[PDB]
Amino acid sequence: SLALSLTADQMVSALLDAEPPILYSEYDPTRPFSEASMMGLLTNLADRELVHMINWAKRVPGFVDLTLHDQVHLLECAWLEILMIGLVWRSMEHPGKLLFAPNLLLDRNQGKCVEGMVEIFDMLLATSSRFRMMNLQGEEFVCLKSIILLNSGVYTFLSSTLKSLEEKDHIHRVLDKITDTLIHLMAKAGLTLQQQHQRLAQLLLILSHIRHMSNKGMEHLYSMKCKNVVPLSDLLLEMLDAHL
C-alpha cells in the first residue's frame, strides 16, 4: 500500500491537506444560555463535525486499506477523543477558554451552566495548557490525531468466537510509520536525539489523558441524553451506543 511508501514529508503533507475545517456554532449571541441550550449548541456542533471527521478519516494514509467493518470500529471507538483533541488544539491560543467554535468561546465558569460539565471543561483546559507548555506544533497535532484514529480501537478487535485479540499488522505498520514521521519532524526542528525520544514520549502520554477525557465526556453526554436534556442526532446517538 502507498501509505507505507510515503516519505515522512509526504505523510505530513497528506495529513495537513486532509484537515477538516473549523465549523461555526448556531449560537445566537444576543440570546441567553440555559443548560439545555448550551448542550444543544455543543451537540449540534459535534454532529456536524462528525460528518467532516468521517471524510477526514478516509484521507488518513492507510485507513482506506482497511475493511469497512474495521473503519467503523475505529471511528466508533475514537470519535470523541478526536473531537476533543481538535478542541484542545483550537483552544491553545486561548488560555482559560475553550474555542468550541470561533463564535462559541467558553470559559470554565460558563461550563457550570451544564450540570457536571465543568469537570470536563477543567480537564480539557489542563490539556490545552499542556499543549502550550510543550509548544505543540500543527504537524505534531495531525500525527497525534491520526494515531488516535488507528490506535484507540486496535486492542478491541476481538475474534467472533473465543474473543481473542486479532492481529492487525497493517494498522501497526501505519502506526510505526507515523512514529517515524514524528521523529523526522522533531529532527527537522533541531531537537537532539535525546530530546527526540523524550518529546515523543511526552506527546504520546497526552493520549492517555485524551482517552480519559473521552470516557468522562461520554458518560456525561450519556447522562444528558438519559435525562432528556437535549435531543441527540441519530448519528450521535449511534456513536454513543457504540460505548455506558
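Start at 1 with the first residue shown and count on from there. Here, rigid core means the biggest group of C-alpha atoms that superpose within 1.5 Å across both forms.
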Farther-lying stretch by C-alpha RMS in 8 other deposited structures of this protein (rigid core fit) among 13-21, 217-225: 217-225
Does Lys163 have no coordinates in at least a third of the other PDB entries examined? yes
Between us, would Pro29 come up missing in a third or more of the other compared entries? yes
Which of 193-201 and 28-36 has higher mean CA B factor, as the PDB entry lists it: 28-36
In the PDB record, does 167-175 or 74-82 carry the higher mean Cα temperature factor? 167-175
Taking the values straight from the PDB record, which of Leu99, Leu162, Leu150, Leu144 has the highest C-alpha temperature factor? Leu162
Using only modelled residues of the chain, where does the Cα B factor of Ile54 rank: lowest third, middle third or highest third? middle
By the recorded C-alpha temperature factor, relative to the other modelled residues in its chain, which third is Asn228 in? lowest
By the entry's values, the third containing the CA B factor of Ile22 is the middle
If you rank the chain by CA B-factor, which third does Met134 end up in: lowest, middle or highest? highest
By its CA B factor, does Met123 count among the lowest, middle or highest third of the modelled residues in the chain? highest
